[PDB]
């Protein structure tokens, strides 16, 4: 059996760079604001994975009032979600992530995100794809207020 999931996330710019996306530190004039590290790509991916498994979403796994994972980096959260998904009997088919950002340029950093994601999910780098697009200066991303990310995932059981 196969299952599909989808995730979407947005974080706002604020503070000083670098930003962290896909587990990779990217120099930039502004940072990403969040209680968390603000890794919009890993949050969206985590939600797609949890969604395919019908385990809810990242907020449901890591409640605001829960002290356990407060302070954790997003790679840690991805690995723990993944542990809980595998405990339900699933393995990974493949994942695809789309970063929506006017800047910074993501392409040079995409290879390194793929390695980190592949290590965290214990899969082949050929099962992991990441891309980026701008919105041609339109909307909150085009005005440089923040970054959004969409992801989809296919799990096998």
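Numbering follows the first chain given and starts at 1.
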Inset, instruction - Going by the average Cα B-factor in the PDB entry, point out whether 57-65 or 36-44 comes out higher. - result: 57-65
Inset, instruction - Compare the mean C-alpha B-factor of 27-35 with that of 106-114 as given in the PDB entry, and name the stretch with the higher value. - result: 27-35
Inset, instruction - Have a look at 50, 123, 100, 130 and flag the one whose Cα has the highest B-factor in the entry. - result: 123
Legend entry - residue 148, C-alpha B-factor rank within chain (lowest, middle or highest third): lowest
Legend entry - Third assignment of residue 19 from its chain's C-alpha B-factors: highest
Inset, instruction - Please place residue 154 in the lowest, middle or highest third of its chain by C-alpha B factor as given in the entry. - result: lowest
